[PDB]
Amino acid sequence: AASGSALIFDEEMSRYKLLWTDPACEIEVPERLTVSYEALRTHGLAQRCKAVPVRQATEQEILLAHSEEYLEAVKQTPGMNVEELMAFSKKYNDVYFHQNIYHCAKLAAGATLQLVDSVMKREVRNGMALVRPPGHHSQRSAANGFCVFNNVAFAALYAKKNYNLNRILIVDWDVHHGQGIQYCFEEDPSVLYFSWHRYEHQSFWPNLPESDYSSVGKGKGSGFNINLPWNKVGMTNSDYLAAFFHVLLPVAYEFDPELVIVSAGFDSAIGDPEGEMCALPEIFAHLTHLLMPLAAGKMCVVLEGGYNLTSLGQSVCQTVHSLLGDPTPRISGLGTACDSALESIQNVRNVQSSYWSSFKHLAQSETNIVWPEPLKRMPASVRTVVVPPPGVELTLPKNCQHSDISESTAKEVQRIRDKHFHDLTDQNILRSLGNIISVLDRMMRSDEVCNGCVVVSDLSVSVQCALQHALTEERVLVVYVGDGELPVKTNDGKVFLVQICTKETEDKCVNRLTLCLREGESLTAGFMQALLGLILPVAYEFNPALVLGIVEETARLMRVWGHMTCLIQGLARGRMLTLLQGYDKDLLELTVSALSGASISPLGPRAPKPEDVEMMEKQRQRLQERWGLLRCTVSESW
């Protein structure tokens, strides 16, 4: 029932700055805040967000993650002159103090709590806070790396105390390691901390041995801290997506968090002087999108780093775009991760194998400066178009609408009939072909309609008209559940077929991925592992212009179809056409709700069957040489 996105911001947090020459801190400027908000204003995103006000974090809230001694010392900084502020700043590592920074730090902390309360009270579905100073380096008794108070650490502890949450996920995609968060939740299994960061074999700041992949936590919390070190610069979109598909997402979806907090540092984007990575700002549209199915969309994005003012503004807009549900931009040129990234991904999965089900099979040997401006992202006039069987009135959300075959469209169905289906005059089945062409014409030719769902009776004729009409326009991904062959040719390079069936069928084709999941209670955990580890990696590298989902009537499927429909909307700008054979009121309502951008119910509780993981890893061995994004280990060299 929650809707809308909160944008917490206040220009007061830009009224402190570095007052002496210091090459280590010159990049942390107030302009990072003003450029970010002005970019959101230019693209119309701020106007679409609920402007929740900023407040000061109280002393009792600061003491949640900081000591009385450190709070008392920072509290005296407003009364210090420039000379005394230099003496206080050199007691810490790479951080400056201003006479207004204590005031702003309480605002940056209070802003994060305002976002947490807005999300947990269902007043908004998600939100982002544009705060300054950052926080993820701050520790219990020390300022560190431009950070005074650990804003994200506050949010997790705040949501624990005031809402009795048992599982909170923190995703730190800033290019630096948020060691302040790791120290805070080292022994806490209730707060899962994931962080990738420029490491370069401990040669990069903050040069900490505990920033490596071997630090998995301590005590009752071991396995709930996940560090992914980047040992070379220049990491690309393929490296970031490999990290998500093969490390973060498989852990996050079986952890099943009740709230997702993001340490959103954009110094991991291209052009940044600190990160020196090569990921485009568009990648953050998908990093946000792939996490939104978690915790029923309850996602609190908190700003951290980001120092290229041009790259910062573009990356912020791509994040808020996805938070508002706007379509995701297509990502081209995706392939395998580099050797250094595959090594880091390899080592993390190995050390985490003793803690998570998705990596359990790895433990035993019997099992195993200038870049182009991003395109304009615009939400469709109506997002989803539904056509139920004739005479079936349904209650649709405000994002949806029924079909009204035009005269030009009706002439198209006639010439198609008088060529391939000469003997076919069963009225309703013929009229379903008119709806398919009507929806597809509205999806591809204009930004009026994004996706749609069509209920059909005869499959082979319906899927043939759908696919052949979309091809005669570039590339279609087909995800079909059910058995038997379909009128789909995968000989050229225009179609990729994902089939989930019950009877095992040898593929012998590189453009086909057949998943034979054995019927059982663990079918939910098996499908989720194949979705994150196989289906999504090939779909993102394939980069289709349209997704065609097909569900035969003789469809277990109910629990996972919503998650697939949401996640798969990261492909093809969200343009997905779903063909459901037969009428299932529950399946159609679940399909339309996910297509319309609504939040999906969590899966909650596990571990899949070893025969399924064995089948899935055989699929990866057969396809990873063509689709490199499937690789999660370093390739063997001749």
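Numbering starts at 1 and runs along the sequence shown.
Missing coordinates between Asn368 and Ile369 amount to 10 or more residues of the deposited sequence.
Going from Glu473 to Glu474, you skip over 1 to 3 residues of the deposited sequence that the entry leaves unmodelled. Mean CA B-factor, 59-67 versus 583-591: the higher value falls on 583-591. Higher average CA B factor: 423-431, of the stretches 423-431 and 72-80. Going by the entry's values, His469 shows the largest Cα B-factor out of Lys218, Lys121, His469, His137. Within the listed group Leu165, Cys509, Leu85, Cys147, the record reports its top CA B-factor for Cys509. Among the modelled residues of the chain, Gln624 sits in the lowest third by CA temperature factor in this PDB entry. Among all modelled residues in this chain, the alpha-carbon of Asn308 has a temperature factor (C-alpha) in the middle third. For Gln499, the recorded CA B-factor ranks within the middle third of the chain. Only modelled residues enter the ranking. Split the chain's modelled residues into thirds by C-alpha temperature factor. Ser357 is in the middle one.
When the CA B factors of the chain's modelled residues are split into thirds, the value for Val116 lands in the middle one.
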